[PDB]
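Single chain ahead, by itself, as structure tokens, in the form deposited in one PDB entry.
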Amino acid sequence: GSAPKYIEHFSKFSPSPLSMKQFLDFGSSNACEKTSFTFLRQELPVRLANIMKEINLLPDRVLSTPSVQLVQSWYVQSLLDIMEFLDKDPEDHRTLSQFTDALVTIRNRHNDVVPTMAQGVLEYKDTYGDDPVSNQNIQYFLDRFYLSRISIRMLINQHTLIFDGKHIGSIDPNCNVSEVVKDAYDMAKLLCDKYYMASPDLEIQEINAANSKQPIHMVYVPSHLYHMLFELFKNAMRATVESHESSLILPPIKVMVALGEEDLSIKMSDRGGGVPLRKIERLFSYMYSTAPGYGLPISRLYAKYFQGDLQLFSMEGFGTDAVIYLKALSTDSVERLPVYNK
């Protein structure tokens, strides 16, 4: 066919990173489905081909594994689905309707990528070993692959949710940070009560530096923020409950939401006994956190996706602090995308 042909062509284009303000203004009242179709039918192949060409640069030891080939076949098929709309007339309403239906099929086709790549990592460790040189290659590639996957899913979610026939797609222009914190806590508390028959309480403190009274709002994607907070709440609850099985007092989980002139920071403090520094630095490694699991590495990619970060600093024998760093301003929240270079 022409799959290698399409990859080489669109990989020469660099992806166009969009800011949070561009996502908001494009999806507002002046939202034209035709304009979004013209942009996405070009930008989606560019992002697909860039990561698909980097997959080809992997060694044949990994490229010929069933896990990588299965995922690579999904990207080939999804790329071909977009190719059909290149010559189609954007002025035809049937063209726009079929394009939205085709994006949903691609989205559901890539729904089982996280467990599949986890099987690939386990296969590599049992086939070639777990050397620090291999960990860097796997960490470097999986970070770029997943971040690419997040960005593509973002574009698809914004198109299918807006043009379905307050919230701008998956974006809340007035996202109350504390409310998302409570939701992720409540879900983690539900799971923690069913399995441990006990759960720590929650304490939330807001620090709005410029407006001490005003609640802290931001423009963000609540799903991404929930995923990070839910993952951090599960870890902090597991550590708190297990480190106090012989004790009676169950320390609460303290969360501070701070809004500065540039950052919106969310610190989650637990007293779950802490973790030695040697092990903290390996909690974000796909290879080291795989056993015959990727909550922290993926959660950090969600934060980094809009120029943020997620950092851990523990104190062995006491507890652990987890901090989500987000950009406060929508103009500073720009997509971080991997680009194929030589």
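Shifts are known only where both forms have a C-alpha. Note that residue numbering begins at 1 and tracks the sequence as displayed. Under this definition, the rigid core comprises the largest set of C-alpha atoms superposing within 1.5 Å between the forms.
Beyond the structure shown, there is the form solved in complex with a small molecule, which is absent from this document and is the topic of what follows.
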| said: Looking at 217-225, 178-186, 87-95, 267-275, which stretch has residues with any non-hydrogen atom within 4.5 Å of the small molecule in the deposited complex? | reply: 267-275
| Distance check, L70 to the small molecule in the deposited complex, heavy atom within 4.5 Å | no
| query | Is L312 one of the residues lying within 4.5 Å of the small molecule in the deposited complex, judged by heavy atom distances? | reply | yes
| task | Would you check, heavy atoms only and a 4.5 Å threshold, whether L283 touches the small molecule in the deposited complex? | result | yes
| message | I'd like to know whether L296 contacts the small molecule in the deposited complex, with contact meaning heavy atoms within 4.5 angstroms. | response | yes
| Sole residue of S199, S148, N235, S78 within 4.5 Å of the small molecule in the deposited complex, by heavy atom | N235
| field | the small molecule in the deposited complex: contacted by all of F10, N50 and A102, heavy atom 4.5 Å | value | no
| remark: Note: conformational shift between this form and the one not shown, core-aligned, Cα at least 2 Å, runs of three or more in sequence order, located at 29-31, 57-68, 119-136, 245-248, 287-289
